[PDB]
Ligand SMILES: [Cl-]
Ligand SMILES: [Cl-]
Ligand SMILES: [Cl-]
Ligand SMILES: [Cl-]
Ligand SMILES: [Cl-]
Ligand SMILES: [Cl-]
């Protein structure tokens, strides 16, 4: 039992460890998406770079949650990281749809945890999510929605052409 | 129905559009106050500049609310902008009293919307108001109260003299 | 009655206040067009930026007219600002057509006021419109006509593709 | 009754004045701890500097609370500052334990006030504590817990040696 | 009993601890005066800054006395800090009169302690007061007397006007 | 079947994907070791930093293997990442022993894969391991052996003292 722990519920502690698992899983998914778009038979470098950058952001999320865990006197506990849901990710469109689905699930986890922190009267947890995750997630989802719209407008008749142009002129 | 929208109530969406209307109305009021104090028969440049600067701040408020609207997947809807409540604004004192009344009504709108966001369990809205409006509004109201006190001390016997001196040495 | 006013007709004064209303209305229209193209389901950033920049130019127009009003000893009077004619603006093409219609109506207001100033023998008003509005308006209308032509050439068979390319390579 | 005060409960106002008293009392305690470790018969300069720096941080806390008090239109009221609980503070270990006890009581005061602000629907107070105190307090308590652990590992057989080494290589 | 203490009377040691209490009390008084003049209904920023700066100087005085205490091998002992004599400080005039009364009492404490050090044949104490307090106190009292005279000349018929002008053009 | 693949055996391809799994698992282990030594009740910052840096190096290893996979025309395939073998890592000594065990198993995987590449007559694979992994691994193992020796010499009678000193003066 901790020298520092104050106002830090076991329920929050545990949900924080699950969120770390989710973020790491997200990182892994993006590592898989990034290297799929680096395949010689896919070869969309801008799409590759976009997903690799998200791998990194999601790893950094987990790391910030682990630091906060320790700052509040909780105990990091790690679980198995499950492999991404797919081994091949189809088109840029398919991939960006899967990424928005993923982000909406991270975002709902963030909101679920905020609500718990709020029911537990844990304002530092609530602020920590407010300052470092909730707005970042909103901005990212807006950006992906923006991309989806542009990808979709570009499919038209000429899907290859549109995929090339999006990668070259937007990403 | 939106690709991005998550945890964003129609009630919040609508209140955000009304707040945009309020901020724009406030901007307009300050544009009118600014140009009244630029009249050759009023000629108080420091008072002019103070109100023009607030016109600009309130426009920027509306713009930030419109951006957030889009970031959450809501739909901006614009209404008629009603003209300022007055065509002539009297003394610096009169004007600063009207500006504090205006700001207290914007501030109560902000607090009403925070409360709604809080009842709707919308922590991103609550944080967004916290980070960009509530403290800014408090600081502005403090500053106007400070000015009012100084204007009032300067009326004394010699109202013209006091109005000149306030504009020259404070604004 | 004014210490400074000379050769400044009540007819000009009033038409100047109406032109201010028109410019502000134009600004508002462009604010609405700008945020429509920032929607996640429209997502054309170059179109957004083009219209936001015009919001700003039209606000600055009104501000210069209000300053001149005061410089000539007239009295600024503000009216209700009516909401933009549309809540959704369709394609880039639709939007640019609406913007040219708007600008042609501002331009005819400018010319109507010049003619009045000319009938009233008010050379300072005539010069002020000449120096700060008439050429600026011509240049803007030329630019919009240029854009319209390019948008139209790009519709061809492939409307999404053409809308993307115009926004990416021209705006 | 105030020209500026809005949504600022007498209950919050009073609790803010008590928190100011607590922070100042904390400052005083740290001033006493700092000068005890500057005694020629204690002579641990790094421990001295650590506590003097906290004296300063806690004074600055009180000052920020007094500023906010005025910004919200409340009235600062000062009380007697009670002397520190001890005139001599024993070992570095003893001192750091007393400092963690102190900080946990400041931290619980902060949380109590946040809860009150939350029950009173006072989001500006809640944000102000979130932005300037709650995380700072968590970080400080983590740091003191870190120090305690290191002090404790160093006692072992050789308490003087461990106290010297901690002061020389950590503080 | 001290390894370092030489020619340092218990009578001096104790009077030094009382002087520390006096200086801290003075600091507190000035902290209260500073925040009173930051009230929105008082709003005299130059008066605020003048008193806050004295809060700081008097804290630094106490700190230098505590350092010397330790340098001579005496033992710092802290007492209760009594609250300022007033919760509201009236006009700038009232406040500056109270500050001169306060400073004259600090100054008489300094002189009383010098006399004791002189009777005890403690030249280092006498020099320490000479080098760091007696002249500083004289200069401060001269400055406050200068301010009082200027405040008094400005009351005349027009007290608000004079209070504003003093704060704007002198402080 | 690949446009680029030449002299790249399915046996190598598969072993490369398993090595990626091993490196990622190693990264995870080091992430867990790093945050254990950041606990307030462990508090050895130099040990924390040493393991976090290895988390990063092992992630970069996996990333370089995934890039090479794609460069040779193989297909990255990801598996479940198993959780670290321990939730708590004991002393610095315990941790460094576990890290050397881990590295010896990575190193044997590297050598096993080199041998396979050598039996398959795949000189590019052999060179790639030579240039980017085998020497790096040797250097790291030497460094850990160096650390182990120093940790062990420092246990002596005084284990806490030795753990503190190693972290402060070596890491
Ligand atoms: Cl799975
Ligand atoms: Cl109206
Ligand atoms: Cl209308
Ligand atoms: Cl007491
Ligand atoms: Cl008292
Ligand atoms: Cl396992």
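Every number in this text was worked out from the coordinates using simple rules, so none of it is lab data. Please note: Cβ atoms are built from the backbone with ideal geometry, for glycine as well, and neighbour counts cover all protein chains shown.
Which members of the range B:41-86 meet the condition of being touching a strand residue (DSSP E or B) at 6+ places or on another chain (Cβ under 9 Å) and crowded, with 19+ Cβ neighbours inside 10 Å?
Keep residues of the range B:41-86 that are touching a strand residue (DSSP E or B) at 6+ places or on another chain (Cβ under 9 Å), which gives B:80-83.
B:81 - this is the single residue of the range B:41-86 that is touching a strand residue (DSSP E or B) at 6+ places or on another chain (Cβ under 9 Å) and crowded, with 19+ Cβ neighbours inside 10 Å.
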>> Of all residues being at the interface with another protein chain (Cβ under 9 Å from one of its Cβ atoms) and more than 22 Å from residue B:136 (Cβ to Cβ) in the range D:114-142, which is surrounded by the fewest Cβ atoms within 10 Å (Cβ to Cβ)? Just the residue, please.
In response: D:139
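When the residues of the range B:153-165 are narrowed to those that are facing chain E (nearest Cβ under 8 Å) and in a helix (DSSP H, G or I), which ends up nearest to residue B:54 (Cα to Cα)?
Going through the range B:153-165, the residues facing chain E (nearest Cβ under 8 Å) turn out to be B:153-158, B:161-162, B:165.
If we keep only those that are in a helix (DSSP H, G or I) as well, we get B:153, B:161-162, B:165.
Details: B:153: 24, B:161: 25, B:162: 23, B:165: 21 Å.
Here the answer is B:165.
Among the residues of the range F:74-90, which ones are more than 9 Å from every other protein chain (Cβ to nearest Cβ) and in contact (Cβ under 8 Å) with a residue 60 or more places away in the chain?
Pass one, the range F:74-90, residues more than 9 Å from every other protein chain (Cβ to nearest Cβ): F:74, F:85-86, F:89-90.
Once the filter is applied, which keeps residues that are more than 9 Å from every other protein chain (Cβ to nearest Cβ) and in contact (Cβ under 8 Å) with a residue 60 or more places away in the chain, the range F:74-90 yields only F:74.
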> What single numbered condition from (1) in contact (Cβ under 8 Å) with a residue 40 or more places away in the chain; (2) assigned to a helix (DSSP H, G or I); (3) under 30 Å from residue D:150 (Cβ atoms) fails to hold for residue D:52?
Replying inline: (1)
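Taking the conditions exactly as written (more than 26 Å from residue D:142 (Cα to Cα), assigned to a helix (DSSP H, G or I) and either without any contact (Cβ under 8 Å) to a residue 40 or more places away in the chain or away from ligand 2 (no atom under 16 Å from the Cβ) (or both)), does residue A:105 satisfy them or not?
On the way: more than 26 Å from residue D:142 (Cα to Cα): yes; assigned to a helix (DSSP H, G or I): yes; either without any contact (Cβ under 8 Å) to a residue 40 or more places away in the chain or away from ligand 2 (no atom under 16 Å from the Cβ) (or both): yes.
So residue A:105 fits the description; yes.
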> Given the conditions (1) within 16 Å of ligand 2 (Cβ to nearest atom); (2) not in a helix (DSSP H, G or I), which single one is not true for residue B:31?
Replying inline: (2)
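How many residues does the range B:1-12 contain that are within 14 Å of chain A (Cβ to nearest Cβ) and part of a helix (DSSP H, G or I)?
Result for the range B:1-12: 1.
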> Which residues, counting only those in the range E:90-118, are within 16 Å of ligand 5 (Cβ to nearest atom) and either farther than 22 Å from residue E:65 by Cβ or over 13 Å from the mean Cα position of the chain (by Cα) (or both)?
Replying inline: E:98
>> Testing residue A:98 on (1) farther than 13 Å from residue A:22 by Cβ; (2) within 16 Å of ligand 1 (Cβ to nearest atom); (3) not in a helix (DSSP H, G or I), one condition comes back false. Which one is that?
In response: (3)
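Restricting the search to the range E:120-135, which residues are free of Cβ contacts under 8 Å to residues at least 24 places away in the same chain and either within 16 Å of ligand 5 (Cβ to nearest atom) or out of contact with any helix residue (DSSP H, G or I) (no Cβ under 6 Å at 6 or more places or on another chain) (or both)?
Within the range E:120-135, E:123, E:127, E:130, E:131, E:135 qualify.
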> Any residue at all in the range E:21-44 that is over 23 Å from residue D:65 (Cα atoms) and either within 16 Å of ligand 5 (Cβ to nearest atom) or within 14 Å of chain B (Cβ to nearest Cβ) (or both)?
Replying inline: yes
> Which of the residues that make up the range C:9-28 are free of Cβ contacts under 8 Å to residues at least 40 places away in the same chain and in contact with a helix residue (DSSP H, G or I) (Cβ under 6 Å, 6 or more places away or on another chain)?
Replying inline: C:27
> Taking the range A:98-108 on its own, how many of its residues are crowded, with 18+ Cβ neighbours inside 10 Å and either more than 8 Å from every other protein chain (Cβ to nearest Cβ) or within 16 Å of ligand 6 (Cβ to nearest atom) (or both)?
Replying inline: 4
> Given F:74, F:117, which one is in a helix (DSSP H, G or I), in contact with a helix residue (DSSP H, G or I) (Cβ under 6 Å, 6 or more places away or on another chain) and farther than 30 Å from residue D:165 by Cα?
Replying inline: F:117
>> Of the conditions (1) over 12 Å from the mean Cα position of the chain (by Cα); (2) away from ligand 1 (no atom under 16 Å from the Cβ), residue A:51 satisfies every one except a single condition; which number is it?
In response: (1)
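Report yes if residue A:93 is facing chain F (nearest Cβ under 7 Å), in contact (Cβ under 8 Å) with a residue 12 or more places away in the chain, part of a helix (DSSP H, G or I) and in contact with a helix residue (DSSP H, G or I) (Cβ under 9 Å, 6 or more places away or on another chain), otherwise no. First the steps, then the outcome.
Details: facing chain F (nearest Cβ under 7 Å): no; in contact (Cβ under 8 Å) with a residue 12 or more places away in the chain: yes; part of a helix (DSSP H, G or I): yes; in contact with a helix residue (DSSP H, G or I) (Cβ under 9 Å, 6 or more places away or on another chain): yes.
The answer is no for residue A:93.
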